[PDB]
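Peer 1: Chains as they are written, first to last, in PDB author numbering: chain A, 4 to 389; chain B, 4 to 68, 75 to 389.
Note that the Cβ used here is the ideal one computed from N, Cα and C, for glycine as well.
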Amino acid sequence: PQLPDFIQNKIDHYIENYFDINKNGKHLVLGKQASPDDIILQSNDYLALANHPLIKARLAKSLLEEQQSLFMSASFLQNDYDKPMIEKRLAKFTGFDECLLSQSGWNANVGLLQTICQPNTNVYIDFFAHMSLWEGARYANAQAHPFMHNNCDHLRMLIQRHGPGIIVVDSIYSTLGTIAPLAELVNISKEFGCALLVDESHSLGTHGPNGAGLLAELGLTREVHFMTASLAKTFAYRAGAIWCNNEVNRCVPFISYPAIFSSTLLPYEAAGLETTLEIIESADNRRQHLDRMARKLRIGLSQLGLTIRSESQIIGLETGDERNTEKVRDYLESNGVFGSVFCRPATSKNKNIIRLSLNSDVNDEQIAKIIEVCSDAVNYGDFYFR
Amino acid sequence: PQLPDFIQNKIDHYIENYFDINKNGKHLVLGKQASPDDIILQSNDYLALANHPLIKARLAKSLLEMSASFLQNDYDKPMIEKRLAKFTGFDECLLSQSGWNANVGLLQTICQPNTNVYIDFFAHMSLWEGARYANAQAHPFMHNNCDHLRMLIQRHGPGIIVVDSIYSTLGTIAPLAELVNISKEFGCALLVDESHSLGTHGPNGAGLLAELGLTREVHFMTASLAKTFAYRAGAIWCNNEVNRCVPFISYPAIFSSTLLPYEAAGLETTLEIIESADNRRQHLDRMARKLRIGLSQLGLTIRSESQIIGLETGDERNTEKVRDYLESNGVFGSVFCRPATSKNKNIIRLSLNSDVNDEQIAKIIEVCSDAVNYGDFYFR
Ligand SMILES: CCCCCCCCCC(=O)C/N=C/c1c(COP(=O)(O)O)cnc(C)c1O
Ligand SMILES: CCCCCCCCCC(=O)C/N=C/c1c(COP(=O)(O)O)cnc(C)c1O
Ligand SMILES: [Cl-]
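The structure is reproduced here in structure tokens:
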């Protein structure tokens, strides 16, 4: 069947503009194939749990136990006896009143926002908040008011102008790894009668007592209305969750379109999460090691004169435009360093990033090596850094 | 902290209007807990594969022992995709995290801000929302009504025609052959969501398009793999190069984590079982026809031509009464209400699967017969 010219031309153009323009003819995010000894810094499995034998054993076990044939909407599974223990456990874990399982962090954000927003609703969103939060607001037809990254002064001015709303931030930001000024955001929330929504995808498991997160680390838990997280990072699982210090999670399952109209996690998936939680709660050792290696990389790269905004295990090399980004990517890759290209639609076209994500398995030698490769890239590379 | 009024007010009213008015103070979809004796007709696992010993073994085995945008190199793309393309007769297949994401991502990839999307009034919500997120121009056409569609396309110009092969709430079948003609005639692209026909229909379960010999004139086919394939994923099929681009354009494809590599191996075994389940397809088809005839003759509107049977129960108060009657008598369907239906056209859906018995079919007809005679409520 021949595509109509209205679609054919769009694909033809995309291919020319997004694939062809690159030396290797692939999309920018696709470099060379890595090798065993290369240093890979791409996975969000921060505490290196993907292959944990206890997690695998518990998943396989409950999977082998059989089937409830629960291939249907989670809307139908909201009777207390159908709700998975993992929700009660995750709630207790973070200190929030209630938790609701979602199919992904994306759906948790889109779902929560749909539930708490009306079309008139003011949404004060950090310019660098995750796309799912921007999109969640847009799907709900809310009135979004972006504030400059981590800028509480700018935020106050916005709220003073537009009224009570929902303040939306990442606790730790996904591209550049900065940390939100959470204590002050809470004070602003309280001052102006707003609700706070904190996405802890990148701090949950890695931060706080027993890995309960940044809000728990800072003692803010009881002062925040909402928290969300992808469970695809530290929890190493394809799912998400919404936590509420109120009754909102009673309503989300029947209001959120992704919650209603897309199939539920199967019971055996929830059970595997229970073991993951247990391992995370006990992983003080890995948390400490990760923190230290991350501080080492930050400091080391900073002394190079590189712009390093990060205060976390996420480190963003700012490589400007797509041409310059290809060059840096190639140089990094040729030498044994494999980060992730972040580019448009995630960034603006002239502010691409090569993201280095650290995990608790990275060691002191690999760190030193990464500093060295970047040192050379600076000194000698035929390209620039922002 | 207490919610600000602008949230608290909304939640308060919602709970009053959606939970409080029902006899059990819960949302309308929540009824009684079933007993092992009861007939359960809620799962979309049509060929009853959720607990198949071989599927569970393949997954356990494979498991024992980031964004998919980054995984689009030849060597990173899973073999299940090539097997699914072959199974279906379409040129290429791309895995997605859900049928919802499949539809949303495809539409985001092929739509522009004013693209005409000619969508069946009853097409899945994911297709409606996918068009909406893309800021496409939606032109709903009355259910299965090709006259209305011809008028809309004549009026608004070429665009994308979007239907379910089998419709999720009432089990009707799209007039696919005629829809193909229309798209050819009007220079449109056709998108068919086969979530409810894939695995249950066609040669080896290849689906409705394959059954009808239409594969080669449809541009796109999508499906939730959470129905017959009994897995939390979806897939986009293309008779063209579109899947080359989806992975870098669709927001769900870019910004939400990928299926893990062991999940694809489970799909491979599932596909093999489905290809060979002629027995179960046959039995299911027989039971579904038996049910439609039995119910129709009671005077209920039964629009279904498939394994999905929709009891039309009108407004919410009536629907609650019907639900409670059914459940009290050992028949458990799924309530479909608003935002899925209009508030006055609720449905109690019966999803048949290949494990369902002759004796069970008779019992459902019997319960519905008595319900029709009871006097406490109506059916449309
Ligand atoms: C507040 C509850 C309102 C009534 C209950 C509605 C239940 C809706 C459940 C679904 O819509 C499941 N849909 C699956 C699906 C999908 C998405 O598949 P997945 O995202 O579940 O894989 C796509 N296309 C079609 C035709 C589909 O049927
Ligand atoms: C055409 C390539 C564009 C550049 C590459 C973009 C890669 C983006 C990958 C992500 O955004 C993963 N995001 C996860 C995430 C999510 C969504 O969670 P999940 O749906 O993956 O469970 C929510 N919140 C935060 C802060 C998150 O970081
Ligand atoms: Cl990623």
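(1) Return yes when at least one heavy atom of ligand 3 lies under 7 Å from the C-beta of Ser343(A), else no.
(2) Counting beta carbon pairs with one atom in the segment 139-152 of chain A and one in the segment 275-283 of chain A, are three or more of them shorter than 8 Å?
(3) Per DSSP, which one or two residues make a beta bridge with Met230(B)?
(4) Report the option in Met75(A), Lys29(A), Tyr84(A), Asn382(A) whose CA atom is closest to the CA atom of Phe238(B).
(5) Against chain A, does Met134(B) count as a neighbour if the rule is that its beta carbon must be under 8 Å from one of theirs?
(6) I want to check one thing, is the minimum distance from the CB of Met134(A) to the heavy atoms of ligand 3 below 7 Å?
(7) Going along the segment 222-241 of chain B in order, which residues come within less than 8 Å of chain A, judged by CB to CB distance?
(8) Answer yes or no: does any C-beta atom of chain A fall closer than 8 Å to that of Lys26(B)?
(9) Taking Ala198(B) and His228(B) to be in contact with their CB atoms under 8 Å, please state how far apart those CB atoms are, rounded to whole angstroms.
(10) If you draw a straight line from the C-alpha of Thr178(A) to the C-alpha of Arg92(B), how long is it?
(11) Can you list the residues near ligand 5, meaning Cβ strictly closer than 5 Å to any non-hydrogen atom, in the order they appear in the chain?
(12) Reducing DSSP to helix, strand and coil, say where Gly114(A) ends up.
(13) Give every residue of the same chain whose Cβ lies closer than 7 Å to the Cβ of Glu138(A), excluding the five residues on either side of it in the sequence, and list them in chain order.
(14) For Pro39(B), which residues in chain A fall below 7 Å Cβ to Cβ?
(15) Using a Cβ-Cβ cutoff of less than 7 Å, which residues in the same chain neighbour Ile89(A) once the five nearest sequence positions on both sides are dropped?
(16) Give me, in chain order, the residues of the same chain whose beta-carbon lies closer than 7 Å to that of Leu57(A); leave out the 5 immediate sequence neighbours on both sides.
(17) Is it true that the CB of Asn327(A) sits closer than 8 Å to the CB of residue 407(A)?
(18) I think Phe264(A) touches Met134(B), with their Cβ atoms under 8 Å apart; what is that distance to the nearest whole Å?
(19) Which two residues bound the contiguous beta strand (DSSP E) that contains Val171(A)?
(20) Which residues in chain A sit within 7 Å of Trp109(B), going by Cβ to Cβ distance?
(21) From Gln81(A) to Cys254(A), what distance separates their C-alpha atoms?
(22) Is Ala147(A) helix, strand or coil when you go by DSSP?
(23) Give me, in chain order, the residues of the same chain whose beta-carbon lies closer than 8 Å to that of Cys155(B); leave out the 5 immediate sequence neighbours on both sides.
(24) Can you give the Cα-Cα distance for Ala215(B) and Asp100(B), rounded to whole angstroms?
(25) Taking only the alpha-carbon atoms, compute the straight-line gap between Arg298(A) and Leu50(A) and give it to the nearest angstrom.
(26) Assign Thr278(B) to one of three DSSP states: helix, strand, or coil.
(27) Would you give the residue range spanned by the alpha helix (DSSP H) that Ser135(A) belongs to?
(28) Are the Cβ atoms of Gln146(A) and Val171(A) separated by less than 8 Å?
(29) Please list the segments of the alpha helix (DSSP H) lying wholly inside the segment 53-136 of chain A, counting only runs of 4 or more residues, in order along the chain.
(30) Count the other CB atoms within 10 Å of the CB of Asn355(A); is the residue buried (16 or more) or exposed (fewer)?
(31) So, is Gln117(A) buried or exposed, given that buried needs 16 or more other C-beta atoms within 10 angstroms?
(32) Apart from the five residues just before and just after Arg225(B), which ones in its own chain have a Cβ nearer than 6 Å to its Cβ?
(33) Does the distance between the C-beta of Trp109(A) and the nearest non-hydrogen atom of ligand 2 fall short of 7 Å?
(34) Who are the Cβ neighbours of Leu293(B) in its own chain at under 8 Å, not counting the five residues just before and after it?
(35) Return helix, strand or coil for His292(A), following the three-state DSSP convention.
(36) For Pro167(A), which residues in chain B fall below 7 Å Cβ to Cβ?
Peer 2: Reading it off the structure:
(1) yes
(2) no
(3) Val201(B), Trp246(B)
(4) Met75(A)
(5) yes
(6) no
(7) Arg225, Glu226, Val227, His228, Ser233, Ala235, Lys236, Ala239, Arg241
(8) no
(9) 4 Å
(10) 36 Å
(11) With respect to ligand 5, the structure shown offers nothing to examine, as its ligands consist of ligand 1, ligand 2 and ligand 3.
(12) helix
(13) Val113
(14) Within 7 Å Cβ-Cβ: nothing; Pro39(B) doesn't reach chain A, min ~12 Å.
(15) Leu104, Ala273, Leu276, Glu277
(16) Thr278, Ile282
(17) For chain A, the structure presents residues 4 to 389; residue 407(A) sits outside this window and is missing.
(18) 5 Å
(19) 169-173
(20) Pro261, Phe264, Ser265
(21) 10 Å
(22) strand
(23) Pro184, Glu187, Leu188, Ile191
(24) 14 Å
(25) 16 Å
(26) helix
(27) 134-142
(28) no
(29) 56-67, 88-97, 108-119
(30) buried
(31) buried
(32) none
(33) yes
(34) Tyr49, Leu50, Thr209, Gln316, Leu361, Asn362, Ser363, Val365
(35) helix
(36) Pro7, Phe9
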